[PDB]
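Numbering (mature numbering (1 follows the signal peptide of the UniProt record, and there is no 0)), first residue to last: 7 to 229.
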Amino acid sequence: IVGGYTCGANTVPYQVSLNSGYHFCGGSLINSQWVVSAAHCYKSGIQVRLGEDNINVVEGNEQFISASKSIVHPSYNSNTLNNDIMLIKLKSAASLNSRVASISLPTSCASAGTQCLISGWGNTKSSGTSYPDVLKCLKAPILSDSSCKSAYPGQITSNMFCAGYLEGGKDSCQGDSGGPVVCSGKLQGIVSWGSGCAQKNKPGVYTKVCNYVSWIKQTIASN
Ligand SMILES: N=C(N)c1ccc([C@H]2[C@H]3C(=O)N(Cc4ccc5c(c4)OCO5)[C@H](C4CC4)[C@H]3[C@@H]3CCCN32)cc1
Ligand SMILES: [Ca+2]
């Protein structure tokens, strides 16, 4: 997260860290046994880390649970990042509490101008590399489809939206991939792609979760 602030320990209780001996992606807890993340975060060997603030110190409230399986959207395209969404089933159910809690899926899509909260442990500089120990937060609005398409002509599908700031300085970045975009208490986006980080006229692009609720529900019920 570039241009953001320290969230405060366990203030974003649905945020998870995907770990394979290091933090590589975020995700969101959607019930006690399932996490939503980005398909481009797929790999084998994933440990899900819940209840984290400082990802480099055991502070208390952490739960570490192996992934039992990871379900990449069958129509994910690695070229275009269309359908950049994946479900992860936990080997055992998380213990839900005030510091580890699920986030609601949306019942309708969010409109342009809606203010959202984006969170992650990704890089905090636009030029250079600086990864934080603790969780960072960014408030950002959803942009109109016309502004999104003007920023990335030909590359925006109906399964994507832009969010952020055209004047630059404030964005998600590498290491934030897969994490949540929460608007009015509901999960509306997944950190997906962008052009650099926090560059002028190049806002972040996010998977549009409202297009996948029926797929998520059908997949979880059958697995
Ligand atoms: N908020 C953001 N500014 C933002 C920037 C970059 C990313 C992601 C993602 C990203 O931008 N790309 C490159 C990319 C670039 C442009 C594209 C792409 C893919 O598909 C269609 O158009 C990667 C996908 C190919 C696997 C992925 C990469 C992984 C760590 C950081 N990158 C996340 C967030
Ligand atoms: Ca920790």
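Where is the CB? At the ideal position from N, CA and C, for every residue including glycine.
Start and end residues, beta strand (DSSP E) containing residue i
i      : result
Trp40  : 40-43
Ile77  : 69-78
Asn60  : It is not in any beta strand (DSSP E) - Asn60 carries neither H nor E in the DSSP assignment.
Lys95  : 92-96
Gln21  : 21-25
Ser125 : 121-126
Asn129 : Counting along the chain, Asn129 falls outside any beta strand (DSSP E), and DSSP gives it neither H nor E.
Residues that residue i bridges to, as DSSP identifies them
i      : result
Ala169 : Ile148, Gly210
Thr12  : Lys142
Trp199 : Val211
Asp182 : In DSSP, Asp182 forms no bridge with anything.
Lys192 : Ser110, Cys189
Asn37  : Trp40
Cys31  : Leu24
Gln53  : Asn25, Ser72
Span of the alpha helix (DSSP H), counted from its first residue to its last, around residue i
i      : result
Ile226 : 219-227
Of the residues the options, the one placed nearest residue i, counting alpha carbons only
i           : options                        : result
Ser150      : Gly27, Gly170, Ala44           : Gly170
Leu172      : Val187, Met166, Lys155         : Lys155
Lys95       : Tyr218, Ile52, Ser84           : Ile52
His79       : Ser43, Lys145, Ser114, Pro112  : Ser43
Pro138      : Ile148, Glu58, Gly200          : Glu58
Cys203      : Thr163, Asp182, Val219, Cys189 : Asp182
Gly128      : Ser178, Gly134, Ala227         : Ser178
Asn88       : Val215, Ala227, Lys206         : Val215
residue 238 : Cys47, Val140, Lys206, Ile196  : The structure shown does not extend to residue 238, since the chain is modelled only from 7 to 229, so the question has no answer here.
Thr113      : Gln194, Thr12, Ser26           : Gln194
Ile77       : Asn83, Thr86, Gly66, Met92     : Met92
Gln161      : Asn85, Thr135, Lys142          : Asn85
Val188      : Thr130, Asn67, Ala146          : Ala146
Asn16       : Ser104, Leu144, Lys208         : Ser104
Buried or exposed (CB count within 10 angstroms, at least 16 for buried), residue i
i      : result
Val63  : exposed
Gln224 : exposed
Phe70  : exposed
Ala116 : buried
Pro159 : exposed
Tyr218 : buried
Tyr28  : exposed
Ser34  : buried
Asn165 : buried
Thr12  : exposed
Any C-beta of chain D under 8 Å from that of residue i
i     : result
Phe30 : Absent from the structure is chain D; it holds one protein chain and no more.
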